[PDB]
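Peer 1: What follows is a structure written as structure tokens; I'll ask about it next.
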Amino acid sequence: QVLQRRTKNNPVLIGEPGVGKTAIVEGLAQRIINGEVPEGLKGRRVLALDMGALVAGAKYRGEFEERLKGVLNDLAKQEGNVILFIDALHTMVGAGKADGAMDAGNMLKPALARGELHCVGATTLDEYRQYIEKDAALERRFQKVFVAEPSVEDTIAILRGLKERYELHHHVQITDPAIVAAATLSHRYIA
Amino acid sequence: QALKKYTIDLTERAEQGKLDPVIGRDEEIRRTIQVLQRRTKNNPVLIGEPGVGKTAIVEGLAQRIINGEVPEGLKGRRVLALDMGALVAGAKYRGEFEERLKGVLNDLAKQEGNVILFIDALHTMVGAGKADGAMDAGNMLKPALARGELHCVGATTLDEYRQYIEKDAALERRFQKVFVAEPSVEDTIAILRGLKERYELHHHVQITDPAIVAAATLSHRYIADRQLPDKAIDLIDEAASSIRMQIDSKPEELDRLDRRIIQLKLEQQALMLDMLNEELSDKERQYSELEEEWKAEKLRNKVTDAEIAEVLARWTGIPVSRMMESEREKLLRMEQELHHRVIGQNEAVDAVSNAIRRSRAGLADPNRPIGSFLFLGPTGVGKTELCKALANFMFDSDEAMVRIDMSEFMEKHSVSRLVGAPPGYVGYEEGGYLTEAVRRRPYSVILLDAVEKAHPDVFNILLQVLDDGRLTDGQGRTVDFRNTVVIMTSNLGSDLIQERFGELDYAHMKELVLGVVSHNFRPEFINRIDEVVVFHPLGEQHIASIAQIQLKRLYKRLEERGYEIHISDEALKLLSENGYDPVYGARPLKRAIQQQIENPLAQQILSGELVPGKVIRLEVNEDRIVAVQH
Amino acid sequence: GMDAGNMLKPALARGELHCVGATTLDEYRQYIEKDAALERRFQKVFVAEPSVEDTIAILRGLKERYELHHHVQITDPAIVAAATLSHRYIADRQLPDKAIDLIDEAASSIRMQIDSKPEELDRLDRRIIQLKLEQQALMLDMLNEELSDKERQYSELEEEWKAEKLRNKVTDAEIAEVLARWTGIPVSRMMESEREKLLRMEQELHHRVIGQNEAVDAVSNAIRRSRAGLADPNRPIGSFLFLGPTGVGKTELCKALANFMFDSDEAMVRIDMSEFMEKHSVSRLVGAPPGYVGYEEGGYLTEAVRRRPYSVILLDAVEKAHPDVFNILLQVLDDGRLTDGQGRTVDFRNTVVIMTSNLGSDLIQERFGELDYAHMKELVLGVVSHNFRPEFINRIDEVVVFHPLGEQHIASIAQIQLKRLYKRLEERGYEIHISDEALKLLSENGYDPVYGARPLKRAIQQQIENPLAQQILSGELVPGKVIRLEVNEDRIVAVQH
Ligand SMILES: Nc1ncnc2c1ncn2[C@@H]1O[C@H](COP(=O)(O)OP(=O)(O)OP(O)(O)=S)[C@@H](O)[C@H]1O
Ligand SMILES: Nc1ncnc2c1ncn2[C@@H]1O[C@H](COP(=O)(O)OP(=O)(O)OP(O)(O)=S)[C@@H](O)[C@H]1O
Ligand SMILES: Nc1ncnc2c1ncn2[C@@H]1O[C@H](COP(=O)(O)OP(=O)(O)OP(O)(O)=S)[C@@H](O)[C@H]1O
Ligand SMILES: Nc1ncnc2c1ncn2[C@@H]1O[C@H](COP(=O)(O)OP(=O)(O)OP(O)(O)=S)[C@@H](O)[C@H]1O
Ligand SMILES: [Mg+2]
Ligand SMILES: [Mg+2]
Ligand SMILES: [Mg+2]
Ligand SMILES: [Mg+2]
């Protein structure tokens with residue numbers, strides 16, 4: 001619902017660490033593949049923008065800015081087809097900030113407001129406080145989707161779903177009492 | 001040229017109909033025009049909080065220039081938006097950036113003064129391109145800004161301005177601070193009534209004018225991080241997206257039930273005891289009923305104020321939505337659902353219930369918290385049980401509540417541990433405990449347990465909190481407490497209540513114990529309290545009912561282990577008569593259950609004597625409770 | 001780019017190069033005093049900020065120049081007013097620069113009013129086209145009356161503009177208007193609407209603060225001293241201390257000021273002084289000193305006043321704090337200045353400082369009868385003398401004493417709170433008339449002198465809003481009928497007739 005707005009198509013996924021925030025965007029990408037989204041998103045491309053690969057080899061004045069501007073022009077060339085994904089959005093906040101350099105916050109800050117960049121974020125609820133609420137303009141560019149920690153029954157359903165992958169990796173069999181024991185006991189004892 | 005490569009002509013985009021309508025802001029656009037037509041320092045900076053309409057004022061200036069709604073000096077000007085990112089973006093070599101910026105200034109000089117330059121994020125000019133050849137792009141525009149040969153309209157923020165522009169006071173004089181205020185509720189209603197048509201034509205919905213006035217009002221009340229008109233437009237836009245997605249595939253409840261039946265389909269695949277085929281059968285039946293009803297009504301295609309209430313309930317967290325029939329029937333059985341865990345104690349369960357019915361009916365005072373109670377009475381009577389029953393009713397978890405134990409707060413420093421340290425000190429950036437927690441989830445239940453065990457002037461923080469719903473942490477931001485329920489459990493009249501609960505009605509008891517509380521508290525603080533409710537000690541029928549509650553949760557603690565336990569109707573009489581004394585409430589019942597059942601029962605489970613599967617009956621001896629195997 | 005300083009550094013201490021530099025007083029410290037050899041190549045000529053009369057001379061020559069640019073006339077009283085008003089109210093910048101800024105923006109405003117049309121015609125033109133598009137959007141209203149009134153007034157001012165066919169000079173009034181829009185302080189002359197509002201100051205405060213006459217008078221007199229140009233320009237506008245028992249309307253009078261002056265209750269620098277029960281909460285309100293954690297974020301009071309210099313500063317329940325905060329207030333209240341941790345002084349001279357407290361609660365509740373106002377003020381001021389220092393209660397402009405609320409007062413407050421309850425239920429979609437016997441039950445089940453007028457709010461809350469919320473949620477009461485709050489023998493009950 002937030003990605004298909006007119007302006008500010010920017011959902012930042014915010015929860016504690018471990019609650020399944022990268023997994024929500026992976027589930028979104030799998031629903032776009034399987035066709036389980038509405039007709040508006042049928043055929044979108046979830047691209048994962050890399051802050052480390054943009055900052056990496058750019059030591060001259062105006063090389064990060066040129067890489068990032070080429071990224072923005074290629075996304076504008078796609079005619080609104082690419083859902084952009086930035087996890088650890090606070091890394092985007094302080095990315096290309098050299099001595100008098102246009103960092104990634106201040107260069108994405110016009111296109112995020114104008115709804116022409118469909119940036120899905122993901123940041124922890126305390127990285128958000130340290131880093132993103134520090135800068136209130138880029139903070140208002142994004143809409144917060146609070147990802148709550150799931151219950152024990154939800155965790156049993158998750159583990160029943162991920163069971164086959166751990167069986168195919170470890171070459172063992174995981175029994176359903178082990179699943180309800182893992183969810184119950186780790187919810188009770190691990191703090 | 002150089003202006004065509006590093007600017008974007010806003011009057012062309014206003015001419016082509018690509019900028020939004022700009023509504024109101026008459027004073028601000030007028031003062032921008034008065035500062036642009038000076039002789040020296042032609043430079044207005046638009047300065048306000050983020051979201052209040054600063055870029056909107058410059059786009060409105062471009063649209064009045066196109067429509068000829070300006071004075072005769074401006075008819076024919078061009079508004080070019082300087083993009084500082086491109087200027088820095090290509091400029092790899094020494095002198096390349098300075099050449100680009102000087103070429104921009106020469107082409108601006110060749111326009112005979114017929115260009116309004118625009119630099120939003122004006123603070124990205126102090127230090128743009130500083131290097132070994134530190135010409136910095138603020139130091140190069142500074143002669144042209146000094147002499148009024150450049151009509152630069154800047155638009156920085158209000159904190160960005162201080163951190164970036166006021167550090168350099170030679171450029172800070174070159175501009176003219178045009179302060180842009182946040183629009184009121186009425187002005188935002190007038191804004192949304194003109195921007196309505198563009199969001200309608202993008203989302204292919206109709207936005208009813210009650211949804212506009214409701215969006216402005218509800219975002220002004222229930223959102224505190226953001227500012228009008230931005231959050232009102234957020235509610236309108238996301239509700240239109242929601243309606244468009246419903247019309248696109250299928251409505252809400254059909255999506256909920258379809259996802260949960262495919263969920264339980266995968267989970268029933270994973271279970272190949274269950275109590276799942278019952279759940280999947282119920283959800284399939286309800287999905288087929290709603291599919292029949294959806295084929296009967298063949299809905300939501302408009303955007304009313306109910307959609308705005310749903311979007312605000314998912315954004316913030318506060319339930320402002322309309323009460324659906326299941327939740328409304330749940331909330332009329334508020335008192336009945338709370339006596340499944342707090343037996344006895346009618347007055348406080350009613351008081352809690354009336355506060356949440358005021359809050360959901362839409363009758364609560366918007367300037368105070370939802371309910372600010374003071375629980376009093378002896379020990380073990382269901383004070384903290386009623387607070388945990390509240391949190392379990394309201395959030396479907398017992399410890400889903402901001403709980404503050406006021407017995408860690410015996411000294412006057414704990415004020416700092418709940419609002420955080422001031423600037424300069426150790427826990428400055430770590431925030432405060434109460435402020436951060438309520439600012440995360442604004443709609444919450446706050447418990448302040450054992451309130452007499454604190455220093456007496458710790459509750460002055462709560463004077464602010466309970467009267468106005470506001471509390472400012474050390475960093476200077478005020479947290480809003482107007483959607484919280486603040487509960488303060490205490491026992492300041494326990495000897496009096498145990499002494500005279502006989503031969504007195506409830507009102508005389510409240511009068512006398514409230515005099516005792518006046519001896520302990522201040523007249524400011526027991527005036528902020530919504531309702532003081534006084535608890536009563538537990539009689540024998542109460543401890544019989546509490547014994548049934550605690551034995552039910554013991555049966556659940558041992559059924560999950562794999563043991564089925566019945567009890568005699570006489571052994572429950574022994575627990576109810578051994579665990580009764582009118583001074584300690586319902587804890588002697590709990591350690592009597594603990595001893596007289598769980599010590600022999602755990603003695604025998606570890607012994608291997610009691611095989612699972614067989615029904616473990618708890619029958620009496622002459623004085624004991626023995627477990628048998630038959 | 002050695003690069004550009006070490007190249008010239010031999011060529012400067014031999015006199016061959018005649019380099020006249022011109023740098024700022026802080027760019028020299030940052031960039032030239034860092035390198036001591038280049039620092040001794042130059043002779044520091046000190047260009048000090050001129051006085052007001054030097055600024056008047058500068059503006060006379062520049063009057064000639066800016067008149068020949070804007071094609072207006074600048075009157076010499078506008079020059080002496082630009083120098084005086086910019087020296088007093090603009091604390092951000094310096095002379096003669098900000099005086100030239102007032103002169104040039106006033107000439108721009110006069111040129112635009114000559115060019116298109118006057119101010120009030122543009123105001124009403126934009127408002128009638130705005131409400132015309134809003135009526136087009138409303139195609140309940142209560143807007144046709146307002147738009148018809150604005151169209152009538154625009155037709156009247158258009159006829160008067162044809163009757164005088166204005167402003168073509170630049171006098172001191174336009175200088176004051178440019179200053180009032182630069183800063184925010186109403187330095188402007190009083191128009192008819194603002195002055196008719198401001199002589200109704202005490203009437204417009206008693207629509208929200210019933211009772212409490214002396215405090216309304218003191219507040220009203222402070223703001224009428226301010227607008228008439230009679231305030232002491234070295235102190236703040238007013239600096240009060242509100243005393244009384246609880247629930248008598250202290251924080252209400254502060255909110256009624258903010259709503260009067262600023263159109264909102266939440267437009268005030270509200271400082272909850274009970275958070276300052278330590279000795280380092282001074283650093284909460286002034287700021288961290290250099291080299292510390294919260295340094296870059298400024299203070300709280302200093303930033304809030306330095307954004308908006310004309311404001312209302314509430315210091316709520318001020319007796320709760322620790323007395324060092326009152327030392328910070330000594331600076332603020334005497335000379336209208338406060339230096340924050342970054343070393344920049346903030347001009348508090350256009351603010352109203354209000355300090356609510358309840359230091360004589362028992363004394364006012366015990367002896368407000370059989371004493372006049374003066375002896376009551378004397379006795380509670382003795383109590384204040386015990387709590388505060390003779391420094392601090394010597395800078396207080398006026399110590400007003402609030403009285404406990406009587407039966408007629410709580411009846412009037414009951415009508416105010418029932419009007420806002422009618423507002424909530426009307427915005428929900430319901431209508432309530434109340435019975436006069438029910439209003440007697442409210443005004444009699446909510447009267448006790450020790451707690452003021454919050455027991456009234458609790459009695460309204462319980463005896464109306466708990467059964468009314470029980471009935472609205474039950475489906476029992478229907479949108480579109482008058483809910484008569486009638487009485488049983490002891491209870492207010494709601495019906496549907
Ligand atoms: N709903 C889910 N369904 C299936 N697997 C999940 C789900 N949520 C989380 N997981 C798994 O849980 C693990 C961690 O979840 P992540 O989303 O990667 O953590 P995170 O939310 O990214 O938090 P951080 O900030 O990255 S530590 C991974 O193995 C995920 O596959
Ligand atoms: N007065 C107004 N009339 C019409 N639309 C407005 C008005 N003010 C704001 N808006 C719209 O509301 C949103 C506010 O966004 P912006 O004004 O661009 O934010 P901003 O004012 O630039 O503040 P920052 O610091 O740049 S994020 C945009 O969609 C604007 O088009
Ligand atoms: N009215 C009650 N209904 C049900 N269980 C109760 C009731 N009163 C006490 N209990 C049980 O007794 C235990 C202790 O009661 P609490 O309510 O926690 O005591 P308390 O009311 O907090 O009094 P203090 O002064 O805090 S010790 C709870 O965990 C419940 O299991
Ligand atoms: N004169 C009054 N007119 C109208 N409402 C009033 C009046 N006095 C008090 N009230 C109401 O009482 C509430 C609290 O009054 P306040 O003045 O805020 O209390 P207070 O003066 O701060 O005294 P303390 O220190 O809190 S006990 C307000 O929210 C009003 O609704
Ligand atoms: Mg992750
Ligand atoms: Mg902007
Ligand atoms: Mg307890
Ligand atoms: Mg108060």
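Chain labels A, B, ... are given in the sequence in which chains occur in the structure tokens; within each chain residues are numbered consecutively from 1, and ligands are likewise numbered from 1 in the order shown.
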Quick one: residues within 6 Å of ligand 1, with only C-alpha atoms and all ligand atoms, as a list in words?
Peer 2: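 Using only C-alpha atoms and all ligand atoms, I find these residues within 6 Å of ligand 1: residues 17, 18, 19, 20, 21, 22, 23, 124 and 158 of chain A.
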Peer 1: Contacts of range 312-318 of chain C at 10 Å or less, counting only C-alpha atoms, minus same-chain residues fewer than 2 places along, as JSON, numbers by chain?
Peer 2: {"B": [460, 463, 464, 524], "C": [237, 238, 239, 240, 241, 242, 243, 250, 251, 254, 255, 257, 258, 261, 262, 267, 268, 269, 270, 271, 272, 273, 274, 275, 276, 277, 301, 304, 305, 308, 309, 310, 320, 321, 322, 323, 325, 326, 348, 350, 351, 352, 353, 354, 355, 356, 357, 358, 359]}
Peer 1: Name the residues of chain A that fall into helix (DSSP H, G or I) according to DSSP on the backbone, using the chain letters and numbers of this document, as a ChimeraX atom specification.
Peer 2: /A:22-34,51-55,64-77,89-93,104-113,127-132,136-140,152-161,163-170,176-189
Peer 1: Give as a list in words the residues surrounding ligand 6 up to a distance of 8 Å, considering only C-alpha atoms and all ligand atoms.
Peer 2: residues 110 and 113 of chain A; 50, 51, 53, 54, 55, 56, 120, 121, 155 and 156 of chain B
Peer 1: Which residues of chain A come within 7 Å of chain B, and what is each one's closest atom pair and distance in Å (one decimal), counting only C-alpha atoms, sorted by chain and residue number, as JSON lines?
Peer 2:
```
{"residue": "A:1", "atom": "CA", "partner": "B:241", "partner_atom": "CA", "distance": 5.6}
{"residue": "A:2", "atom": "CA", "partner": "B:238", "partner_atom": "CA", "distance": 6.1}
{"residue": "A:4", "atom": "CA", "partner": "B:241", "partner_atom": "CA", "distance": 6.0}
{"residue": "A:5", "atom": "CA", "partner": "B:241", "partner_atom": "CA", "distance": 5.9}
{"residue": "A:6", "atom": "CA", "partner": "B:202", "partner_atom": "CA", "distance": 6.6}
{"residue": "A:38", "atom": "CA", "partner": "B:249", "partner_atom": "CA", "distance": 5.7}
{"residue": "A:39", "atom": "CA", "partner": "B:248", "partner_atom": "CA", "distance": 6.6}
{"residue": "A:60", "atom": "CA", "partner": "B:92", "partner_atom": "CA", "distance": 5.8}
{"residue": "A:61", "atom": "CA", "partner": "B:92", "partner_atom": "CA", "distance": 5.1}
{"residue": "A:62", "atom": "CA", "partner": "B:89", "partner_atom": "CA", "distance": 4.4}
{"residue": "A:63", "atom": "CA", "partner": "B:89", "partner_atom": "CA", "distance": 6.4}
{"residue": "A:65", "atom": "CA", "partner": "B:89", "partner_atom": "CA", "distance": 4.6}
{"residue": "A:66", "atom": "CA", "partner": "B:89", "partner_atom": "CA", "distance": 4.7}
{"residue": "A:99", "atom": "CA", "partner": "B:130", "partner_atom": "CA", "distance": 6.7}
{"residue": "A:100", "atom": "CA", "partner": "B:127", "partner_atom": "CA", "distance": 4.7}
{"residue": "A:101", "atom": "CA", "partner": "B:128", "partner_atom": "CA", "distance": 6.3}
{"residue": "A:102", "atom": "CA", "partner": "B:85", "partner_atom": "CA", "distance": 6.3}
{"residue": "A:107", "atom": "CA", "partner": "B:85", "partner_atom": "CA", "distance": 6.6}
{"residue": "A:136", "atom": "CA", "partner": "B:50", "partner_atom": "CA", "distance": 6.7}
{"residue": "A:137", "atom": "CA", "partner": "B:50", "partner_atom": "CA", "distance": 5.4}
{"residue": "A:157", "atom": "CA", "partner": "B:267", "partner_atom": "CA", "distance": 6.5}
{"residue": "A:160", "atom": "CA", "partner": "B:270", "partner_atom": "CA", "distance": 6.0}
```
Peer 1: Would you write out those residues with N, CA, C and O atoms, as a compact mmCIF listing (two decimals), in the first residue's frame?
Peer 2:
```
# COMPACT_ATOMS: atom_id res chain seq x y z
N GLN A 1 0.81 -1.21 0.00
CA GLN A 1 0.00 0.00 0.00
C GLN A 1 0.84 1.26 0.00
O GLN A 1 0.44 2.26 -0.59
N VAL A 2 2.00 1.23 0.65
CA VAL A 2 2.83 2.44 0.66
C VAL A 2 3.59 2.58 -0.65
O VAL A 2 3.78 3.70 -1.13
N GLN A 4 2.60 1.89 -3.65
CA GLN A 4 1.76 2.44 -4.70
C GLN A 4 1.05 3.71 -4.24
O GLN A 4 -0.16 3.82 -4.30
N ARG A 5 1.83 4.68 -3.81
CA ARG A 5 1.32 6.02 -3.59
C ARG A 5 1.69 6.90 -4.76
O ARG A 5 2.41 6.50 -5.67
N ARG A 6 1.16 8.12 -4.74
CA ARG A 6 1.52 9.07 -5.78
C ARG A 6 2.88 9.69 -5.44
O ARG A 6 3.79 9.68 -6.26
N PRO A 38 -1.23 -7.47 -6.29
CA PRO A 38 -2.21 -6.92 -7.23
C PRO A 38 -1.65 -6.69 -8.63
O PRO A 38 -0.45 -6.80 -8.85
N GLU A 39 -2.54 -6.33 -9.57
CA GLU A 39 -2.15 -6.16 -10.97
C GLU A 39 -1.20 -4.99 -11.18
O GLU A 39 -0.56 -4.92 -12.23
N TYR A 60 38.15 10.33 -5.92
CA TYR A 60 38.22 11.63 -6.55
C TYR A 60 36.99 12.44 -6.20
O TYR A 60 35.97 11.90 -5.76
N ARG A 61 37.09 13.75 -6.37
CA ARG A 61 35.94 14.61 -6.15
C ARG A 61 34.89 14.34 -7.21
O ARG A 61 35.19 14.36 -8.40
N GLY A 62 33.69 14.03 -6.78
CA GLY A 62 32.62 13.76 -7.71
C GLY A 62 32.78 12.47 -8.47
O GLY A 62 32.81 12.47 -9.70
N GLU A 63 32.89 11.37 -7.76
CA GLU A 63 32.79 10.08 -8.42
C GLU A 63 31.68 9.25 -7.82
O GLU A 63 30.95 8.57 -8.55
N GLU A 65 29.12 10.79 -6.54
CA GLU A 65 27.97 11.54 -7.04
C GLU A 65 27.64 11.15 -8.46
O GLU A 65 26.47 11.08 -8.83
N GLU A 66 28.65 10.82 -9.27
CA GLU A 66 28.37 10.44 -10.64
C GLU A 66 27.81 9.03 -10.73
O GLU A 66 26.91 8.77 -11.53
N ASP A 99 34.70 15.23 2.77
CA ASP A 99 34.86 16.66 2.99
C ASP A 99 34.22 17.36 1.81
O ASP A 99 34.79 17.40 0.71
N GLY A 100 33.02 17.89 2.04
CA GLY A 100 32.19 18.62 1.08
C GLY A 100 31.86 17.76 -0.15
O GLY A 100 32.25 18.03 -1.28
N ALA A 101 31.11 16.71 0.13
CA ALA A 101 30.65 15.79 -0.90
C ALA A 101 29.16 15.56 -0.71
O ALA A 101 28.68 15.47 0.42
N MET A 102 28.44 15.46 -1.82
CA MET A 102 27.01 15.23 -1.76
C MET A 102 26.80 13.77 -1.42
O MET A 102 26.95 12.89 -2.27
N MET A 107 21.34 13.35 -2.00
CA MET A 107 21.10 13.19 -3.43
C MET A 107 19.88 12.35 -3.72
O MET A 107 19.28 12.52 -4.78
N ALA A 136 15.91 15.21 9.95
CA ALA A 136 14.46 15.13 9.94
C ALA A 136 13.84 15.23 8.55
O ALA A 136 12.71 14.77 8.37
N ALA A 137 14.53 15.80 7.56
CA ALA A 137 13.98 15.87 6.21
C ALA A 137 13.99 14.50 5.55
O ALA A 137 12.99 14.05 4.97
N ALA A 157 4.75 -21.71 13.00
CA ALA A 157 4.39 -21.76 11.59
C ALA A 157 5.59 -21.45 10.69
O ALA A 157 5.79 -22.12 9.66
N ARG A 160 7.89 -24.45 10.79
CA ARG A 160 7.35 -25.53 9.98
C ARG A 160 7.55 -25.26 8.50
O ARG A 160 7.69 -26.19 7.72
```
